[PDB]
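A.B. asks: Protein chains in written order, with my numbering: chain Z, 36 to 318; chain X, 36 to 318; chain H, 20 to 283; chain B, 25 to 148; chain S, 110 to 691; chain V, 5 to 209.
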Amino acid sequence: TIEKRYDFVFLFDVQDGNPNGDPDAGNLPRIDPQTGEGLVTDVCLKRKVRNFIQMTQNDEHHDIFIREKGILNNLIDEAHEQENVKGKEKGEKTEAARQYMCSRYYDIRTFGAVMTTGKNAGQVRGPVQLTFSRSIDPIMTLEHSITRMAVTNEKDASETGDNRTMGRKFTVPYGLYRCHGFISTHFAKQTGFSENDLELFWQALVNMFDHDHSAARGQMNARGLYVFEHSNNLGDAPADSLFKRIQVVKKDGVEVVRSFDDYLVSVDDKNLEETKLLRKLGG
Amino acid sequence: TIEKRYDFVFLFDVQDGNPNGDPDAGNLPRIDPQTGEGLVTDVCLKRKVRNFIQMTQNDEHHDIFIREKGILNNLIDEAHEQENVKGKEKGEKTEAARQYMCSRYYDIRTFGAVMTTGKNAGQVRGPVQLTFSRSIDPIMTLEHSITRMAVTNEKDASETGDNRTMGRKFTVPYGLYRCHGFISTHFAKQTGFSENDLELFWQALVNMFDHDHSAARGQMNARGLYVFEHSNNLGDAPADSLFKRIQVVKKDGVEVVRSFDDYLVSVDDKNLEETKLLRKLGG
Amino acid sequence: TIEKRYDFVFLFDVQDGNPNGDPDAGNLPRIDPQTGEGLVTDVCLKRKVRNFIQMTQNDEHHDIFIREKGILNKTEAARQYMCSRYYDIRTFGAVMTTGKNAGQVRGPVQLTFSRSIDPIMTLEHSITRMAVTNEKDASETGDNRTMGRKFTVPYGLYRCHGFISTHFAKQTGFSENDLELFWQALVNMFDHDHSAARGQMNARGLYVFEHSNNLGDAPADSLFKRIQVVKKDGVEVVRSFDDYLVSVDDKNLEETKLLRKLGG
Amino acid sequence: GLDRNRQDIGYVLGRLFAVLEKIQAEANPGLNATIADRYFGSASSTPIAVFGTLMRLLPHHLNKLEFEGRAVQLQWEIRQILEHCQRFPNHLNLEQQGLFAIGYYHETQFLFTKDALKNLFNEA
Amino acid sequence: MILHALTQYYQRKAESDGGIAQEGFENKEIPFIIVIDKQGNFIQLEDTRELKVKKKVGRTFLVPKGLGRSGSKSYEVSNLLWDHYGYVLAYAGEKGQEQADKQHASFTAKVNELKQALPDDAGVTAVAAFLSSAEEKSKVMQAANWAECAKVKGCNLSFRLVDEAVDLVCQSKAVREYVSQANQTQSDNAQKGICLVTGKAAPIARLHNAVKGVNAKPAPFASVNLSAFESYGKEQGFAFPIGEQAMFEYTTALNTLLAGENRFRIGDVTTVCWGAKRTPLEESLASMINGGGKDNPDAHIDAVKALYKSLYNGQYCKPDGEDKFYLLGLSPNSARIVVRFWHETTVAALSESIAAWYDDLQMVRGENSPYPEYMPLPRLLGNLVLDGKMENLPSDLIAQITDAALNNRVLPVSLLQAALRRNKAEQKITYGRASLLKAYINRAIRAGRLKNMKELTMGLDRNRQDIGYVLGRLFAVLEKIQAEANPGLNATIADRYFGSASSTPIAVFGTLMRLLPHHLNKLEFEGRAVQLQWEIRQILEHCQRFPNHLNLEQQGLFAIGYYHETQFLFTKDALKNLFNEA
Amino acid sequence: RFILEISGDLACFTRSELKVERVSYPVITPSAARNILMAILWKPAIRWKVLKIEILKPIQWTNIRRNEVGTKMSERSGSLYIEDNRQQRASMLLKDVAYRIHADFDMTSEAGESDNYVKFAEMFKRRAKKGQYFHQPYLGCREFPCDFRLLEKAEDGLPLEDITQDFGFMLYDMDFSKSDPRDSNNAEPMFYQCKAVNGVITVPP
DNA sequence: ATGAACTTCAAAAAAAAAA
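(1) How is the alpha helix (DSSP H) around residue 115 of chain X delimited, first residue to last?
(2) Could you check what DSSP says for residue 57 of chain V in three-state terms: helix, strand or coil?
(3) Could you pull the DSSP bridge partners for residue 169 of chain X from this structure?
(4) Roughly how many angstroms separate the alpha carbons of residue 93 of chain Z and residue 138 of chain X, rounded to a whole number?
(5) Find the nearest neighbour of residue 255 of chain Z within the set Z:269, Z:307, Z:73, Z:243, judged by alpha-carbon distance.
(6) Starting from residue 117 of chain Z, find everything on chain H with Cβ-Cβ shorter than 7 Å and list it in chain order.
(7) Identify each residue in the stretch 152-170 of chain X for which the Cβ-Cβ distance to at least one residue of chain H is less than 9 Å, and report them in chain order.
(8) Leaving out five residues before and five after residue 529 of chain S in sequence, what residues of the same chain have Cβ atoms less than 6 Å from its Cβ?
(9) Using 8 Å as the threshold, is the C-beta distance between residue 81 of chain X and residue 146 of chain X below it?
(10) Find out if the Cβ-Cβ distance for the pair residue 141 of chain X, residue 114 of chain X is shorter than 8 Å.
(11) On the three-state DSSP scale, how would you describe residue 103 of chain V?
(12) Identify each residue in the stretch 244-258 of chain H for which the Cβ-Cβ distance to at least one residue of chain X is less than 8 Å, and report them in chain order.
(13) Does any CB atom of chain S fall closer than 8 Å to the CB of residue 194 of chain X?
(14) Note the first and the last residue of the continuous beta strand (DSSP E) segment covering residue 62 of chain B.
(15) Determine the direct distance from the alpha carbon of residue 125 of chain S to that of residue 210 of chain S, and round the result to whole angstroms.
(16) In angstroms, rounded to a whole number, what distance separates the CA positions of residue 240 of chain Z and residue 83 of chain X?
(17) Output needed for residue 299 of chain Z: all residues of its chain with C-beta closer than 6 Å, excluding positions within five of it in sequence on either side, in chain order.
(18) Along the chain, where does the alpha helix (DSSP H) that runs through residue 256 of chain X open and close?
(19) Select from X:257, X:279, X:312, X:166 the residue whose C-alpha is nearest the C-alpha of residue 318 of chain X.
(20) From the DSSP output, which residues share a beta bridge with residue 110 of chain S?
(21) For chain Z, check one thing: does any of its Cβ atoms lie closer than 8 Å to the Cβ of residue 56 of chain B?
(22) Leaving out five residues on either side along the sequence, give the residues of the same chain with a beta carbon under 6 Å from the beta carbon of residue 134 of chain H.
(23) What distance in whole Å lies between the Cβ atoms of residue 26 of chain B and residue 130 of chain B, which are believed to be in contact at a cut-off of 8 Å?
(24) Can you tell me the Cα-Cα spacing of residue 611 of chain S and residue 536 of chain S, whole angstroms?
(25) Got a sec? Which residues, its chain only, sit under 8 Å from residue 309 of chain Z by beta carbon, not counting five neighbours each side?
(26) Assign residue 691 of chain S to buried or exposed, taking buried as 16 or more other Cβ atoms, counted over all protein chains shown, within 10 Å of its Cβ.
(27) Go ahead and label residue 314 of chain X buried or exposed: buried means 16 or more other beta carbons lie within 10 angstroms of its beta carbon, across all protein chains shown.
(28) Excluding the 5 residues preceding and the 5 following residue 219 of chain X in the sequence, name in chain order all residues of the same chain whose CB lies nearer than 6 Å to its CB.
(29) Using the beta-carbon count (16 or more within 10 Å), is residue 148 of chain X buried or exposed?
(30) Skipping 5 residues on each side, what residues in its chain have a beta carbon closer than 6 Å to that of residue 258 of chain V?
(31) Alpha carbon to alpha carbon, what distance is there between residue 149 of chain H and residue 491 of chain S?
(32) Please list the residues of the stretch 91-124 of chain B that have a C-beta atom closer than 7 Å to any C-beta atom in chain S, keeping them in chain order.
(33) Check this for me: beta carbons of residue 166 of chain H and residue 54 of chain X, under 8 Å apart or not?
(34) Thinking just about the alpha-carbon of each residue, which of S:411, S:185, S:404 is nearest to the one in residue 370 of chain S?
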């Protein structure tokens, strides 16, 4: 179980593609309406970490939460028929099953999952809780509409021989999504989030943009990862100014940004040397 | 027991997430219908303070009100079987049990709780009573609908393809929730709210947005906390103008607000220097 | 006892909280079932006055009688004693079971159902709890939760009215000190009577109409119309005091009345 | 329902695309695929790539018209729109992205009218 | 008029042979019965329950009215022949001995004094010898169905001798005269005047009888009983000087209407309804009716019953009144009859709230539409639930929307939020959610909870000039053009864009306006695409700029305009007629 | 006779039968009108008597479930504690009401020396025109006032123009003849509404 | 002699879906 507080400043961008796209709006990434800054949900990073763990582990005591056919009720029923089948008086039986799943699953240990379906077994508050990403420069939506020379269903097929199904494939030129996140210790002591799991989560956050790739997302990479390791479980200084110390603004006289040569990540670690640490894993 | 009146002006915002969401509304935060200002209930701040105390104490005489596995009737029955089991003539027995719970519990000492279930033991008026928060600039609801590649229960629509369960995860771009609150002394003298408990409550209000975090709420921080410490238990000036002196409006020619660089917290402590004090803990 | 008639136009609002919920359908504020304006019962303001007097005085000759268990914890002889050693008896009235007119004490201070100026909006703000009380029928093995419900109001300047008559003060003992304490209550009772449900309330304008005659040479409707409380110009919906226009009219009462601005 | 003094880049860009589409439609009634069926897909995002070919094809579309005064009126309203268009931007903001289509359909409605465009042209 | 209307229709029900009490009786629900012969000897403990899914306490027998015990020494009271299971067999389930033993001891004395005051009956002597045996009463405890009587608390045991079929012991010809005399002798020697219901002579009736069908137990209507509730030193009962020939009458009327077909719930409130004094009936109608027209109370109440039911069934129609129907809206508090509704007016003025609610719910409908003109309330809420009409919130949805609709109150914002969630979740706006939002907006405009906007009409509002309504019409015409392009559509632009179109317009419409010209070119009929382009121009003309985000009322306007335009386009000859007028 | 108009927002002429649930009377109680006239001006010489009530606003019921107390005060218990004596007494209040009570007054047995009818009449006229009153009039309950205004004939519109609904026996005025100075023991004589054609009249004892 | 506490009175309600 970990005992220190970690305030990591995850920074990641996108070369050309659709990172965290919005089902609410067709196929465009989440962008700020009033300004234009791109937004990326934390569930995308969580799924990238899960895929990295699935491809760089394959062992027990670190379940990865299977895809599609993985019914949550079936997994809950399978985890219930272990040490606390019935002889535990429902109440503490749920807590025992939750502890067993935390010791067995890695997704529920690092983040969390819903285990209150049919056979209830409590819920996990979760230690590490990432936030929604947000860029600084107002990004623009390119919208790269592409075509296909093969129809899907015969009903929507044309009355001729030219069977085409176009559509749109949105893309993004740039946008350093300044992600945020905080890690607690009280819930980590209950879920069993040890330091080895924390190091594995850091390695996943660092090297998830090298394997989890597709045609819609294109090419994505992680810039830097400045973790603010504390000293105790108390609160020294508000995290607002702590995360504001690593500001990311524009460089010289430029309108937009295209790569890392147009951003100036101002890192001035001067007032955060009281009872806090600093490490660089991605940058 | 405290003897001064404190009129704190709690100010806190939200980077990206759902702060105080409404169950009677699906999953959207409480917003003003006629205008658009975001509203945050005081029970969220109370639970954040409770979690901070639970993670930064672990001792007796400061009960934290357990979660999930904590029946109020069981706790009341356990607190009844102490010094006033039966030999106290019901009437003053309830007051004695209430005083014992105030000296033992911290949530009922700072705020309050319902102790009128089966074995009645009176009720606590409560000294510190926070109010509902309210922002100034009309915030907008982003509604970041996200998906899941794993079905939960045996859904009637989960056929043979991708077992998906989407939904919505609402987010908020900004909104400095101008919270309010007043602290009394008469009820504090009865509940035993000493100055140490007041300092602990201030520290909790300051450093609750650094540990109590989740994926739905995202990243939240506390701006400033201007406590108006009085001199006696009487009423000098109405608190309306006192809280109006610290106005928060827009800056220059801007439509909305994104961070602290777009707000101008006008603090002009000029007429509040009669028989009052002023301190800054969060800002 | 006093010697003048006081017909004030009390003005109090609600920033964020439940002013006076209606147990008719749970706890929603008693809105007007035809125009939408909130109707706060005057008994709530009387209870707030009693609570403020209990908090401030805490001595004899100023008790409450109609007090609380959680906040603080021949024939004419007993009536006069109760009028002397109690404040609520001289204020809103009393009912000694061994009194005169079927045991009645009307009392000078007569309040009015606080009707909001603009139609308020009952915000059904349900708030859940992570811990149940008794053994609920649904509190099974999972998370013991209970769905809550605490209605709130964005804004609503409620218009309260009073009618203090020295005629009843001559019998109840409502002296000038009790009247000053009542004014200090109506000014500073909204800074102490606070909770998680009531929220933040404040006193706006305590426009007291002091009449020179003991009978009061002014009609109630005229004195109420002389304090016009309406919405502002560019304001589409009221949200604070900068959205209202409490324009007082002290132009026709400059003969014998006195518009005491003790609140605003 | 058209604001010609809004001084918005998206408004004038959309109005320019609308009058371009109107000119192409007036050039030949039996038109299958107009510019809106291909050029509008990236007109609000990459205007500097489509509006160049648009201005290149505009004089030929005007010469294709059977009436020469109609082309004169169309060029006049084109320039009255582009008065507020000080420069062709690289990419439009979301607000400008919406104002593009707003001005587009507003100018299309203003053009497809009985006596309106000619009435505005007469006072010049 | 509150209690006078009760006596007035009790006098009509008692004269029209409707099965009601007759001076000192009450249709008390008696569960298990006791069968004896002519000298005691318990026979069988027959039960007359088996009615609803919740087994009530037997059938409502016309037994003498309860004298209203209630007290520490409640044993000294004791009724006539029907009472409690601890009053007959001296057996208590949760009360213990002594307390229940004195009940039976006083019941025996009451039976003995009734037998002494009425001899030679062959029915009261049997129950006198049965209560003075201390053997057969113990045999009642060992019956074949005695285990079921001890389960349900409050098992009223009534005696019924043999050789009388359904005639009870207290239902005999002699005991009926004794009951009629008791209400005319021991009940006619109280205070003098003056009555309040009837207002004539009659003795003032202290201790009003209980009314069953309201709170947790039968509780009296006019029931003042506290140290502060008394009037001018009247001390309970005398504060409302009401006579027995009115108190008993209205209490029995309430007991009969709260257990038959008149009992129906408005909005979480059980309200009894009964017809007022009917018209004397004209000659052309009374000539075919033999009698002729009897002023029956529970006769023309079916109209208002169906109306309050058609609100939940959708079969509402504008009713012509001229027939007054009483509507006493009683409600249970702690144990006092709380009156919530009382209107002497006819069904026309009683249905004003329903008429306003359905006119505000009046939405556009196409030809041969399965949805009726007026939608049922459960069917309307089914568009807001998860899947089946059962997951609704029982505090602000199925518990508050009915109250707000049946009383013309203000609709909560919970309706807005739920309809929004289910509109952008189900990815379609069927008949049910848009009409609810239109009703909410109209009621908020009429109640001052909505300023800059205005009330909506039935048909499509081609003007409005609002930033959300025209956007909804825009989305509707976009989806219509996309559907006309692709007939067999699976993942329409709606199912992929309406999630943010209702919230963020500049994100969805920034690409829908791009996809639109391709859909117009895809149309085989170029004139149809021309008309659709003209109408979308007329729609977007009212919108000066696409807003950043649509407020909570703006999303409702979006949904309303969407449904309005999508039904105006699916009309016979509407879009073509609009395009031809340009 | 005096045509004094009583107007107010809400009313509560609590019926004698529904005192636990303050269901207001259909119109203003004649006893309440006499109490209003006495609170405007009264003396041990003048005896007010209500003659006719003319309704000027339609009957509009509004249920307001208030929380009341159910235990009186005395020299015994020095306190009350409403947490143990709470009463959720309903109140079917009358929203938007207006009545012009036509009434006069007579003379009691203890008229004293100044028993002039014209003097008391002029005093009441002045108190009603200027706005003077011994006690603020109440619309059945002191929690609701009365925007009184003395009318010379008719200065408002009435909704009950044609034949309306009869309200049955209502509490006319309790009999205090058998009561000593400062009433204690009384009766309750009531009367019929006859018919609410436009302005219902009262039957004097 | 009389007001708050106590002890007894019955052991609820259900359709709210439909053309």
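Heads up, the beta-carbon is just placed ideally off N, CA and C, and yes, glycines get one too.
C.D. replies: For this structure:
(1) 107-115
(2) strand
(3) X:74
(4) 53 Å
(5) The shortest C-alpha separation from residue 255 of chain Z is found at Z:243.
(6) Simply none; closest approach about 16 Å.
(7) 152, 153, 157, 158, 159, 160, 161, 164, 165, 166, 167, 168, 169
(8) 664
(9) yes
(10) no
(11) strand
(12) 255, 256, 258
(13) no
(14) Counting along the chain, residue 62 of chain B falls outside any beta strand (DSSP E), and DSSP gives it neither H nor E.
(15) 43 Å
(16) 28 Å
(17) 286
(18) Unbroken run through residue 256 of chain X is the beta strand (DSSP E), 254-262; no alpha helix (DSSP H).
(19) X:257
(20) Per DSSP, none; premise fails for residue 110 of chain S.
(21) So no, residue 56 of chain B is outside the interface.
(22) 56, 58, 178
(23) 4 Å
(24) If I take the Cα positions, the gap works out to 11 Å.
(25) 271, 272
(26) exposed
(27) exposed
(28) 162
(29) Classification for residue 148 of chain X: buried.
(30) With chain V covering only 5 through 209, there is no way to say anything about residue 258 of chain V.
(31) 29 Å
(32) Residues of the stretch 91-124 of chain B with a C-beta atom less than 7 Å from some C-beta of chain S are 118, 119, 121, 122, 123, listed in chain order.
(33) no
(34) S:411
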